[PDB]
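Here we start with a single chain on its own, the form deposited in one PDB entry, put down as structure tokens.
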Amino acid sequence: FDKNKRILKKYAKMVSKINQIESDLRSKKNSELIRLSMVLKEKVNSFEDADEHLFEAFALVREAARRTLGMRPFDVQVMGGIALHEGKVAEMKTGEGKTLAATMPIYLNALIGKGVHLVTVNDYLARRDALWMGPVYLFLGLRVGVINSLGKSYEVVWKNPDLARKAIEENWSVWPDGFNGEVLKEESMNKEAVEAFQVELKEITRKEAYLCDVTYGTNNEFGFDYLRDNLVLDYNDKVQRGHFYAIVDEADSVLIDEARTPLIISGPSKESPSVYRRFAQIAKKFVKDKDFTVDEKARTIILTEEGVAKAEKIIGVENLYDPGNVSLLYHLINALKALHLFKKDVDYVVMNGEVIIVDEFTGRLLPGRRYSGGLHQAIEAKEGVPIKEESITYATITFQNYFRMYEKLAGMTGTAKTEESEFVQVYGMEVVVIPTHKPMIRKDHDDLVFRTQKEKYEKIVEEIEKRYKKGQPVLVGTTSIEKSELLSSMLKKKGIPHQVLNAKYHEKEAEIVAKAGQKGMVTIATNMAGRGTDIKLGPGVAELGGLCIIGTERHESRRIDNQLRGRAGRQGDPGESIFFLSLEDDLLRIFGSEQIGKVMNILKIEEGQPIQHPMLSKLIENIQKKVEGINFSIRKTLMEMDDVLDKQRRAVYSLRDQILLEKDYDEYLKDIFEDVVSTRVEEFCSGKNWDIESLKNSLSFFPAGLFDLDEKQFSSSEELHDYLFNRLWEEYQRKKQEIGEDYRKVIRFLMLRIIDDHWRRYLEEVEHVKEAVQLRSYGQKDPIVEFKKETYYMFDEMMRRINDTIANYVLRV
């Protein structure tokens, strides 16, 4: 059946019922309305409870909006609101009222007391939307938070707290009593009340911005907060309170487009080359097999008791294995290993002062990149010259995997339907195409395809001239600054005044509004500049045919084109739209230039002119649609792999969180201590095996001696396990005794260190394998199976190394 019809049919009924309420509430006094919000706040405490009072809630919001901003939400805006509350992507054409529309569901689900996240694309839109919708929220007793870069969090407050109360106390409104239109007039609204409900920004802390009933921010910042939140050493330095309900504004932009590059926290090379080189020779003095042992089984180097001492005396620090000197320790291992374990031409080469190697000879030209963990820098230090800046990665996550954390996800755009597949396969969200408020009368012309770019751009500038002379305003869309700068040359060599836009949003939206709509105004916008800022038509301009959209080229995704296009018709406004193409454009270059090119020659054309026909326009659509196909498939494979990683990341973070919150590590240590002994017992001394020389060889990292193994009188493997563990756990207790109660903290710190360390090194390593599988999977274990299985082995090793590193640190300190 038709989902969009059934769903919509239901919404209609609902919106209808919300209308009957209005007559009950429009009569109420400002204090009565606030009292109702209070009753609702205590009545609505879960999702079940939210749908119960959704009628009352949505209606109340409407009124507060009619009295607070002068805007009375349209039926459609109430429709979209519901589609948000239901965890779907409400497709509402641009200039429809999404901002306001979102206010109703936001308010409703915000009464649960777990917070509500509104994500946009940038700072402006985050800050702007807040201040713009703030009064309504404040009026109903909600605290509105806002999160921007760099270290910026604010709280929308009344501009004149005293003045707002007069307006509530007394029954002030912006919308005069008795007006019964769908739209108030800027000319006729009680300025006494507009000025009363003015809102401004108040600098607050990050943590607090989230403790607000709702939180407005950028997709970037919400995610960054989460990653940072997993770099803490105190569960109290977190600035988030879980992930409850998030409405993603500009869904297609955040959840698909901005979402293809994974969110990263990159830093700079911590240590200096001076120290590497200083360790490059500190490492030439450690006598192999005395101060340490290498068992590249392969492949690690592990010190002995003579080596910990040399270094300690040498460095010289009281304790090598202590919380402060781990950097030192760590540095020593890289330098000690580099030349004692990578040799020379096995398989790296120093040619031209650059080290490069292997890869089993496909060939050694992996330049390709440097080794993980700062080992590479250690090699150059060894070879003589010279060390290069490295960039460490502390945390990563993709947007898909992030917004997936939220209990209820929701989004809204004017461009969602064409990509329903994606919202459903990635975020599990349906698209509900909300009808427009007023009829949509914008004339979308068939595309103009030219032979050559020169001809494309030359005939584009004729259009600008031709429409400018007429008085009709023009918004020209480009895809690079390069292309925007070029147009600007052309335009001014024929003396045509105009505005160019790219990326400083607070300012650009400022003119985008006055500029596109106002008579005889030309504006060039790069990459959807002035996004989200509504363009109102100027006086006399509607008769001219309204704003005229020019696409300098079609994008690889019809979405992006419909984003520029939707900018013109508006609320049944008149507007025009045309896309220029050339057989040399990338999209065309990618597909059908020649198939088109020939039809061009065959027909009476081409004169230096363009070919235009519905069937061609339609052809471009299919071709452009097919180019999206191949992308999404490609992209989805990457996604699957990203997910495979994400699952590990969760386990780690979830653990990190527990370590953060555990005051007693008695049980956790037992789990580590046992896994330390169990694995070494089950492989060396079990089934057909009873090799001990090798057992204590593997456990040699610990301080000799818990090494009282040579008095061997083991009857069975269970005795050995239980025993090995004993001397381990006894030591732990013997050590709980002296450090006293400051020990829980010391451990905690060490655990986080080790786990972060290994996590960051793991990720670096994993990347190589990601690419390894990607390129070499052909032809072809579904790349995921290779990756899932290979990534597994690696993670399993990481857990082993973490345990040994943890078990070993708590005992030596």
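In case it trips you up, residue 1 is the first one in the sequence shown, and so on. Here the rigid core means the biggest group of C-alpha atoms that line up within 1.5 Å when the two forms are laid on top of each other.
We do not show the form deposited in another entry, though everything after this point is about it.
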- Query: Considering only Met189, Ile282, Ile578, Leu486, which residue exhibits a C-alpha shift of no less than 2 Å between this form and the one not shown, with the rigid core used for superposition?
  - Reply: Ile282
- Is_shifted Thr679 between this form and the one not shown (CA, 2 Å cut-off, rigid core): yes
- After a core superposition, would you say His768 shifts its C-alpha by at least 2 Å between this form and the one not shown? yes
- Item | Did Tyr468 shift 2 Å or more between this form and the one not shown, C-alpha, core superposed | no
- Task: Look at the CA atoms of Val513 and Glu182: state whether they lie closer or farther apart in the other form than in this form, given a difference of 3 Å or more.
- Result: farther
